[PDB]
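This is what each chain is made of:
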Amino acid sequence: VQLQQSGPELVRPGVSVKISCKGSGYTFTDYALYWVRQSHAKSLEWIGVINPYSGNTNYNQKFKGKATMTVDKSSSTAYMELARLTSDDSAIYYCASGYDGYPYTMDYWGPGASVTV
Amino acid sequence: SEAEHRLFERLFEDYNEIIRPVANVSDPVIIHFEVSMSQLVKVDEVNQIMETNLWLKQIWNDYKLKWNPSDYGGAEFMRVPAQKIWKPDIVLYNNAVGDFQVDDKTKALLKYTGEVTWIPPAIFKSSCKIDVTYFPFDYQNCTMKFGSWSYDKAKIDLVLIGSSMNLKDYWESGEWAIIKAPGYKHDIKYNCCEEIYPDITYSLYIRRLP
Amino acid sequence: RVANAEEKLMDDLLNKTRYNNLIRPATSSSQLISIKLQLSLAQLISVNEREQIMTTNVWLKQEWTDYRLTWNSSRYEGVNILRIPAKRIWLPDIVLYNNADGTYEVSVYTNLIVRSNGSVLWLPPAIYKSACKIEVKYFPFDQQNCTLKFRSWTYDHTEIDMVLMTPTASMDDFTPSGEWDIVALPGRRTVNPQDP
Amino acid sequence: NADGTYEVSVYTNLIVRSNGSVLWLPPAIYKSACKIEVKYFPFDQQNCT
Amino acid sequence: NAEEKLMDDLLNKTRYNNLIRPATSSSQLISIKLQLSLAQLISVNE
Amino acid sequence: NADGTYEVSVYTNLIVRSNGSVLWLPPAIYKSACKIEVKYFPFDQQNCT
Amino acid sequence: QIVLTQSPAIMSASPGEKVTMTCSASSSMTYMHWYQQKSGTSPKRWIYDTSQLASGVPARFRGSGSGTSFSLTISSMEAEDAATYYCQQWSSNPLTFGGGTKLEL
Ligand SMILES: *[C@@H]1O[C@H](CO)[C@@H](O[C@@H]2O[C@H](CO)[C@@H](O[C@@H]3O[C@H](CO[C@H]4O[C@H](CO)[C@@H](O)[C@H](O)[C@@H]4O)[C@@H](O)[C@H](O[C@H]4O[C@H](CO)[C@@H](O)[C@H](O)[C@@H]4O)[C@@H]3O)[C@H](O)[C@H]2NC(C)=O)[C@H](O)[C@H]1NC(C)=O
Ligand SMILES: *[C@@H]1O[C@H](CO)[C@@H](O[C@@H]2O[C@H](CO)[C@@H](O[C@@H]3O[C@H](CO[C@H]4O[C@H](CO)[C@@H](O)[C@H](O)[C@@H]4O)[C@@H](O)[C@H](O[C@H]4O[C@H](CO)[C@@H](O)[C@H](O)[C@@H]4O)[C@@H]3O)[C@H](O)[C@H]2NC(C)=O)[C@H](O)[C@H]1NC(C)=O
Ligand SMILES: *[C@@H]1O[C@H](CO)[C@@H](O[C@@H]2O[C@H](CO)[C@@H](O[C@@H]3O[C@H](CO[C@H]4O[C@H](CO)[C@@H](O)[C@H](O)[C@@H]4O)[C@@H](O)[C@H](O[C@H]4O[C@H](CO)[C@@H](O)[C@H](O)[C@@H]4O)[C@@H]3O)[C@H](O)[C@H]2NC(C)=O)[C@H](O)[C@H]1NC(C)=O
Ligand SMILES: *[C@@H]1O[C@H](CO)[C@@H](O[C@@H]2O[C@H](CO)[C@@H](O[C@@H]3O[C@H](CO[C@H]4O[C@H](CO)[C@@H](O)[C@H](O)[C@@H]4O)[C@@H](O)[C@H](O[C@H]4O[C@H](CO)[C@@H](O)[C@H](O)[C@@H]4O)[C@@H]3O)[C@H](O)[C@H]2NC(C)=O)[C@H](O)[C@H]1NC(C)=O
Ligand SMILES: *[C@@H]1O[C@H](CO)[C@@H](O[C@@H]2O[C@H](CO)[C@@H](O[C@@H]3O[C@H](CO)[C@@H](O)[C@H](O)[C@@H]3O)[C@H](O)[C@H]2NC(C)=O)[C@H](O)[C@H]1NC(C)=O
Ligand SMILES: *[C@@H]1O[C@H](CO)[C@@H](O[C@@H]2O[C@H](CO)[C@@H](O[C@@H]3O[C@H](CO)[C@@H](O)[C@H](O)[C@@H]3O)[C@H](O)[C@H]2NC(C)=O)[C@H](O)[C@H]1NC(C)=O
Ligand SMILES: *[C@@H]1O[C@H](CO)[C@@H](O[C@@H]2O[C@H](CO)[C@@H](O[C@@H]3O[C@H](CO)[C@@H](O)[C@H](O)[C@@H]3O)[C@H](O)[C@H]2NC(C)=O)[C@H](O)[C@H]1NC(C)=O
Ligand SMILES: *[C@@H]1O[C@H](CO)[C@@H](O[C@@H]2O[C@H](CO)[C@@H](O)[C@H](O)[C@H]2NC(C)=O)[C@H](O)[C@H]1NC(C)=O
Ligand SMILES: CN1[C@@H]2CCC[C@H]1C[C@@H](Nc1ccccc1Br)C2
Ligand SMILES: CN1[C@@H]2CCC[C@H]1C[C@@H](Nc1ccccc1Br)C2
Ligand SMILES: *[C@@H]1O[C@H](CO)[C@@H](O)[C@H](O)[C@H]1NC(C)=O
Ligand SMILES: *[C@@H]1O[C@H](CO)[C@@H](O)[C@H](O)[C@H]1NC(C)=O
Ligand SMILES: *[C@@H]1O[C@H](CO)[C@@H](O)[C@H](O)[C@H]1NC(C)=O
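Residues numbered from 1 in each chain as written, not as in the entry; some residues may be left out. Chains lettered and ligands numbered in written order. Part of a larger assembly, values for the part shown. Heavy atoms only, no water.

cryo-EM is the method the PDB entry states for this structure, with the resolution given as 3.87 Å.

Structure representation (structure tokens):
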């Protein structure tokens, strides 16, 4: 069971950015994807949840007007696009797949992409 | 067991039982509907009534009552009361005696993927019309019109499991013999209301042993 | 956790500090809640002449306006109508008085429809054993005038109005009885002067 | 059964011991439905299950 | 008393659930056993 | 009794005194079931328990 | 709606010492999870439902608590047990994590 992400990217402030998360080694449906950011102070916060079988999203109320979360049932890959990047967004972004049942945890974690703005 | 106790405690902490179980809102629930007959009690030709014993298998999905089997001791099935879960209002339209509500004291069955299976039994007094123009060498046709009462076609969509009615556990009568029992689905629009309602109609074609 | 739009809206509307199903939606004192009702017949299943009891399944459609159940539609992801069980909100207790049983109680508690502007509509199903007198002078070549009398036991005309919507009951879903023949269905709104 | 009366009437108290044995003896009426062999009359056996 | 302490000890909401069948593990058959005691044939309506 | 209803379906209130003596007198009609000795009809005694 | 706060921020212990960490909440809850992140790598699911253990976890640890106070407890300190522990709750919308407790030798 592995999750694969993109490399680190250097984006100027004011330009939208897009990172990806592609999972293999298990059936990609019937799980759910959580997106978690982590700053340089190791105090990490939650962004959103998507269901890759239907596409139903729920955003965090801090990040409602910024993030847009899509999937792709062809290659089994989720795309996250952040807008309105400022200086307080240089962080580490994780995608994490967990079962959508009552544990409600992050069973598997990715390596983590580095966004420096 | 000990792991089923913790899962049952976790499962019903905050569960509103009058919100309809969909992840999105415009998505309708799909209710697989099948009926089985135990015995045909009587068909009164004088009062024009029909008493049957029916089991109403209703199967629907539920996005909130799904769990992981590998974290609760390998448990996959649960029995919960019908008073705690959401359950649809399947009401037969052509009733003749008594209340319309089916009795909710029997228990349901929760699979780990959310498949709720609920089998209530009921006595039903249908009000079919019967012709006695031939007697007693007569065939009679009586219909039962099952369907949802308050929800649209865009919120509850009924689907038959089989193409007929399960006479598999049928106690024989000795007076009436059931030849066939088909089941059809219609989408009709009433003149009260501006929205489409679905229903399922079971016919019964019987003959008297003369 | 993850909830629907309807669960969030249901928690906002029927809140215990703000909604109570035992006080009527009067914005001030002595304000009449104008409700309106309209009966739709389904079947004449039986008319028992010896016990003077007719049996009919009817669909009384009654709607009113409740100012507590209003919500902005675009805030909650878009939900025009919303369905809630009948025991949890206010409703006038309109029943028959001329029934053969003692069942002046309300019929079965199917859920009811409330729209975005608070127009609360309720159509419960009921078979009724109405009690009518049988004119039996001519036989079997007879007319029968059998009546149904709806009235609220709790409230009254100083508290609720009761407006008839159409003069004739609608006959559109009617399946033929084969024994009886309805010829007209007039409805009237009766009020006694010098008696509020 | 002929009616819809499946369950037991009154749900009386029940006896549990220290080794985990639980014994319950409730009263119940049942309206069972059985077929009537009526070839002989009124000198007849009846098998009702 | 003695009867009130035991009743509260055995039937407690944190350790007892009247909706779970007593099975120490999975696929265990609870061998229940029964016998009938007839009292009266009050009607054999034909 | 002929039905299955053993208990009282009324459940009124009851009187307790300063002694601790509790008195209970529930209102009840009962449909008892007794056998009929019908030999000397209609000049008959009936025993019902 | 619920903001978690851990205590203490930085602590340390010798191999063979009882270690107690606390996670506190604003209001009451019943079920809360614990994650372990080491240095450089990705976190792992470590404790779920406030008392249970994951697959590749030694059975020395013990989580317990109720109401608004929860705790993780290490009986026997391990040599390779230098990591960062986070506590998190899903019982109130939205998903808030903890501040993080750094456990070193
Ligand atoms: C006893 O009494 C009952 C009712 O009083 C009779 O039941 C009727 O039986 C007929 C004959 O089967 C039914 O007609 C059938 O309706 C089916 C459903 O149609 C609905 O759904 C489709 C979905 O696409 C809609 O397009 C449509 O508008 C309807 O809303 C059809 O699938 C059937 O088609 C079949 O027959 C035709 C030939 O007529 C073939 O060409 C088709 O390929 C297909 O095989 C058919 O149209 C009718 O609906 C029943 N009534 C009710 C109320 O359900 C019993 O027949 C009667 N018993 C006897 C012995 O006569
Ligand atoms: C089927 O059967 C039902 C009942 O069995 C019949 O219903 C009756 O219908 C008649 C008219 O069709 C009703 O009569 C009306 O009574 C009103 C109130 O009566 C007051 O006055 C009398 C004394 O005259 C008092 O005894 C009584 O207690 C009341 O105080 C009148 O107000 C009505 O008058 C109408 O015209 C005047 C002007 O002249 C208007 O100002 C009025 O507003 C009103 O419009 C009228 O007389 C009667 O009450 C109904 N019920 C009963 C129980 O008899 C159906 O008519 C019948 N169907 C058919 C087709 O015949
Ligand atoms: C009063 O009335 C009741 C009601 O009929 C009678 O009960 C029946 O009794 C008969 C025999 O006495 C039972 O018949 C048994 O059938 C079994 C096979 O049926 C099963 O399998 C088929 C598929 O193969 C299914 O379709 C069916 O539904 C059943 O599931 C046989 O296995 C039985 O054989 C016995 O003997 C052989 C030895 O040859 C053993 O190996 C078997 O294990 C078994 O012990 C037997 O033939 C019947 O099932 C009963 N019930 C019903 C509802 O009919 C009473 O007998 C009667 N009593 C009196 C005094 O009249
Ligand atoms: C109206 O109907 C009722 C009921 O139908 C009648 O009630 C009967 O009353 C008589 C006496 O009044 C009862 O007779 C008594 O039965 C006792 C039962 O004995 C049990 O134990 C022996 C073992 O020793 C068993 O063999 C037996 O089958 C029983 O299981 C006897 O013990 C009684 O003996 C009497 O004398 C001895 C001393 O020698 C005393 O110790 C006893 O207390 C007792 O007085 C006696 O035989 C009878 O059982 C009642 N019927 C029923 C069904 O219980 C009414 O009498 C009737 N009214 C009229 C006017 O006839
Ligand atoms: C807000 O409340 C108003 C009434 O207070 C609701 O308006 C009513 O809606 C119904 C249902 O659409 C209308 O009935 C229809 O009228 C046409 C007229 O020809 C008729 O042909 C149809 O068959 C149907 O019966 C009704 O006219 C309309 N107005 C009134 C005064 O009753 C309205 O639905 C509520 N909701 C919103 C979101 O506005
Ligand atoms: C422990 O559990 C066992 C049952 O597993 C109990 O032992 C059983 O107790 C019952 C009631 O005393 C016995 O029934 C009696 O059997 C005699 C046999 O002659 C019969 O005549 C009586 O009328 C009555 O039915 C039963 O035989 C006995 N044995 C078993 C294994 O069932 C025991 O009571 C429980 N408690 C203790 C403290 O042992
Ligand atoms: C508290 O307890 C005392 C005694 O335990 C009660 O006194 C008893 O009351 C009953 C009924 O009020 C008396 O019974 C009656 O006796 C007469 C005697 O002729 C009889 O004719 C009646 O039909 C009835 O059976 C009883 O004699 C009396 N004394 C004793 C020693 O039992 C008292 O009522 C209790 N309550 C209060 C509030 O004091
Ligand atoms: C509920 O479902 C509807 C359609 O099934 C969703 O509406 C679509 O949402 C996507 C995601 O942004 C848009 O790209 C489409 O344009 C929408 N409209 C369509 C397909 O007609 C709706 O978003 C779902 N609800 C939630 C909360 O996600
Ligand atoms: C098959 N149905 C039922 C019978 C009439 C035709 C349609 C319309 C339904 N709508 C509704 C539901 C709840 C409350 C009020 C109403 Br109206 C009720
Ligand atoms: C009309 N009643 C009944 C008949 C006799 C006169 C009075 C007294 C009542 N007594 C009573 C009722 C309940 C509890 C205790 C007692 Br005492 C019984
Ligand atoms: C409405 O419900 C919420 C649910 O938590 C409650 O806190 C609040 O006091 C209620 N009343 C109002 C006026 O918001
Ligand atoms: C409903 O909400 C939207 C934005 O949430 C707002 O613009 C609109 O004015 C609201 N409607 C009313 C009637 O206030
Ligand atoms: C049930 O047990 C727990 C601990 O085992 C105890 O705290 C609680 O008080 C018990 N319940 C009752 C009602 O005493």
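Of the regular secondary structure elements, chain E holds one helix and zero strands. Overall, chain E is about 55 × 40 × 15 Å in size when its C-alpha atoms are taken along their principal axes. When burial is assessed residue by residue, chain E has 7% of its 46 residues classed as buried. Only carbon and sulfur atoms are counted for the fraction: they give 54% of the accessible area of chain E, which is about 5100 Å². (Helix = DSSP H or I, 4+ residues; strand = E, 2+ residues; numbered from the N terminus. Buried < 20%, exposed > 50% of the residue type's maximum accessible area, 1.4 Å probe, protein only. Areas by Shrake-Rupley, 256 points an atom, 1.4 Å probe, with all protein chains shown as cover.)

Turning our attention to the overall build of chain D. Looking only at helices and strands, chain D has zero helices and two strands in total. Judged by the C-alpha coordinates and their principal axes, chain D covers about 55 × 25 × 15 Å. Expressed as a percentage of the 49 residues in chain D, the buried residues total 2%. Taking the intrachain contacts of chain D between residues at least 6 apart in sequence as the baseline, contacts between residues at least 24 apart amount to 17%. Between the mean site of the 4 positive side-chain charges and the mean site of the 4 negative ones, chain D shows a separation of 5 Å. (Contact = heavy atoms within 4.5 Å. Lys, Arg positive; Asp, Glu negative; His and termini not counted. Charge placed at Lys NZ, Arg CZ, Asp CG, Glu CD.)

Listed per partner, the contact involves 35 residues of chain B and 28 residues of chain C. Carbon and sulfur atoms make up 51% of the area that chain B and chain C hide from each other, which totals about 2700 Å². When residues of chain B are sorted by the area they lose upon contact with chain C, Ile18(B), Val25(B) and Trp149(B) head the list and together hold 21% of the total. Counting across the interface, chain B meets chain C through three salt bridges. The partner of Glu194(B) in a salt bridge is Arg115(C), with the nearest N and O atoms 4.0 Å apart. The interface formed by chain B and chain C contains 11 residue pairs in polar contact. (Buried area = accessible area lost by both parts, 1.4 Å probe. Salt bridge = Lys/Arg side-chain N within 4 Å of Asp/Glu carboxyl O. Polar contact = N/O pair within 3.5 Å; in protein donor to acceptor, adjacent residues only side chain to side chain.)

A word on the interface of chain E and chain B. At the interface, 10 residues of chain E touch eight residues of chain B. Counting the surface lost from both chain E and chain B, the interface buries some 720 Å², and carbon and sulfur atoms represent 46% of this. When the buried area of chain E at its contact with chain B is split by residue, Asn17(E), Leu19(E) and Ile20(E) rank highest and sum to 63% of it. At the boundary of chain E with chain B, the tally comes to one salt bridge. Measuring nitrogen to oxygen at the nearest pair gives 3.9 Å for the salt bridge that ties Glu4(B) to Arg21(E). Across the chain E-chain B interface, the total number found is two residue pairs in polar contact. Grouping the constituent residues of the side of chain E that touches chain B by class yields three nonpolar, four polar and three charged. (Nonpolar A, V, L, I, M, F, W, Y, C, P; charged D, E, K, R; others polar.)

All names here are of chain A. With respect to the helices and strands, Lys 66 occurs in the loop between strand 6 (57-59) and strand 7 (68-70). Overall, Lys 66 belongs to the partly exposed group, its relative accessible area being 27%. Taking the C-alpha atoms as reference points, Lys 66 and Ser 16, 50 residues apart in sequence, are found 9.4 Å from one another. The contacts of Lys 66, once residues within four sequence positions are left out, are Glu 81, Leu 82, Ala 83, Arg 84 and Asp 89.

All names here are of chain B. Of the two faces of strand 7 (residues 156-160), the one holding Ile 156, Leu 158 and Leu 160 is buried and the one holding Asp 157 and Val 159 is not buried anywhere. Summarising the sheet, strand 1 (residues 29-44) and strand 7 pair through five bridges and their orientation is parallel. Looking at the pairing, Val 29 lines up with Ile 156 of strand 7. (Pairing = 2+ DSSP bridges.)

Residues and elements named next belong to chain A. Pairing within the open sheet is antiparallel, and its four strands lie in the order 1-3-8-7. Taken across any chain shown, the strands that pair with only one partner, and hence form the sheet edges, are strand 1 (2-5) and strand 7. The average undirected angle you get between the axes of adjacent strands in this sheet is 20 degrees. (Axes fitted to C-alpha atoms, helices over the stretch in contact; angles between N-to-C directions.)

With that settled, the discussion passes to the sheet that holds strand 1 (residues 5-7) of chain G. Residue and element names in this part refer to chain G. Strand order in the open sheet made by the four strands is 1-3-8-7, with antiparallel pairing throughout. This sheet does not close on itself; its edge strands, each paired only once, are strand 1 and strand 7 (61-66). Within this sheet the neighbouring strands show an average axis-to-axis angle of 20 degrees, counted without direction. Where strand 7 meets strand 8 (residues 69-74), six bridges bridge the pair, whose relative direction is antiparallel. Bridge pairing in strand 8 places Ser 64 opposite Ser 71.

Moving on: unusual backbone geometry. Here the amide bond leading from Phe139(C) into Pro140(C) is cis, since omega sits at -5 degrees, within 30 degrees of zero. With respect to the helices and strands, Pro140(C) occurs in the loop between strand 7 (126-131) and strand 8 (150-152). Cis geometry is adopted by the peptide bond preceding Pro94(G), which originates at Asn93(G) and carries an omega value of 5 degrees. Here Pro94(G) is to be found in the loop between strand 9 (83-88) and strand 10 (101-104). Non-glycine residue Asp30(A) carries a positive phi angle of around 70 degrees. Judged by relative accessible area, which is 35%, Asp30(A) ranks as partly exposed.

Applying the stated rule across the entire model yields 26 aromatic pairs over all chains. Note on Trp60(B) and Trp86(B): the rings are 6.3 Å apart at their centroids and 85 degrees apart in plane angle, and the pair reads as edge-to-face. Linking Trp60(B) in strand 2 (residues 49-60) with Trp86(B) in the loop between strand 2 and strand 3 (108-110), this pair joins segments that are 26 residues apart in sequence. We note that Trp60(B), like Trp86(B), is buried. Relative to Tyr151(B), the ring of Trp86(B) lies with its centre 6.3 Å away and its plane at 80 degrees, an arrangement referred to as edge-to-face. You can see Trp86(B) sitting in the loop between strand 2 and strand 3 and its partner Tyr151(B) sitting in the loop between strand 6 (139-147) and strand 7, a full 65 residues away along the chain. What links up through ring pairs into an aromatic cluster is the set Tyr26(A), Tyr31(A), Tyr99(A) and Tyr108(A). A cation over a ring is seen here: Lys84(B) above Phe12(B), with NZ or CZ 5.8 Å from the ring centre. (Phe/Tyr/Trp six-rings, centres within 6.5 Å; stacked < 30°, edge-to-face > 60°. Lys NZ or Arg CZ within 6 Å of the ring centre and 35° of its normal.)

Put plainly, two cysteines are in a disulfide when a covalent bond ties their sulfur atoms together. On inspection of all chains with the given rule, the structure shows seven disulfides over all chains. Across the disulfide from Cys21(A) sits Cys95(A); the S-S distance is 2.0 Å. Linking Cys21(A) and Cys95(A), the disulfide has an S-S dihedral of approximately 70 degrees and is accordingly described as right-handed. Of this pair, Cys21(A) sits in strand 3 (residues 17-24) while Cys95(A) sits in strand 9 (residues 91-99), and the two are 74 residues apart along the sequence. The class for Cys21(A) is buried, based on a relative accessible area of 2%. Bridging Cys192(B) to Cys193(B), the disulfide has an S-S length of 2.0 Å. For the disulfide bridge between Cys192(B) and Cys193(B), the dihedral angle about the S-S bond is near -110 degrees, and by the sign convention the bridge is left-handed. Relative accessible area serves as the criterion here: at 36%, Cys192(B) is assigned to the partly exposed category. (Disulfide = S-S within 2.5 Å.)

Residues and elements named next belong to chain D. With a threshold of 2.5 Å on the sulfur distance, the UniProt-listed cystine of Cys 34 and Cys 48 is realised in this model at 2.0 Å. With a gap of 14 residues between them, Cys 34 in the segment after strand 2 (22-23) and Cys 48 in the segment after strand 2 connect regions that are remote in the sequence. Exposure remark for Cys 48: the relative accessible area of 38% places this residue in the partly exposed category. (UniProt positions renumbered as here; feature names shortened; annotations may be inferred.)

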